[PDB]
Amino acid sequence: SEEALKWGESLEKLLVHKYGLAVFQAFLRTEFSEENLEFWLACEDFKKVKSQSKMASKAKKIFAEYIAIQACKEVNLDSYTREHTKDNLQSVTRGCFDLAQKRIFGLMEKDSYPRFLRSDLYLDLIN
């Protein structure tokens, strides 16, 4: 089982495992919150982008899909974080989504992650 037990250490540790990510994703999908994780993962790709022109258009892409009110993949963000993020689009740097990313990290860590650890998808893998 073994690898699975490592996802139970913390959400930080689940999130760097290929297969934990795939299973956690399936779980989040059963409660219709899988866009939290997808957004979070898009923030991590974004922070790997080298090019400034690439950084700026990728950030613009992320905003239109996950952040903008009525976005197909709209994540639960407040006016404070939503506006902050929107402001950051004028001069993109790699801190652009830190606030948004931490808010959404926080929701998974506290809410859906413990629920995952109580799920059959999770437990059937450790026994």
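Each residue number is its position in the shown sequence, starting from 1.
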{"item": "Residue range whose averaged C-alpha B-factor is higher in the record, 40-48 or 97-105", "value": "40-48"}
{"item": "Mean Cα B-factor comparison, 8-16 or 21-29, giving the higher one as deposited", "value": "8-16"}
{"item": "Chain thirds of CA B-factor: placement of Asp78", "value": "middle"}
{"item": "Where the record places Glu65 (Cα B-factor, split into thirds across the chain)", "value": "middle"}
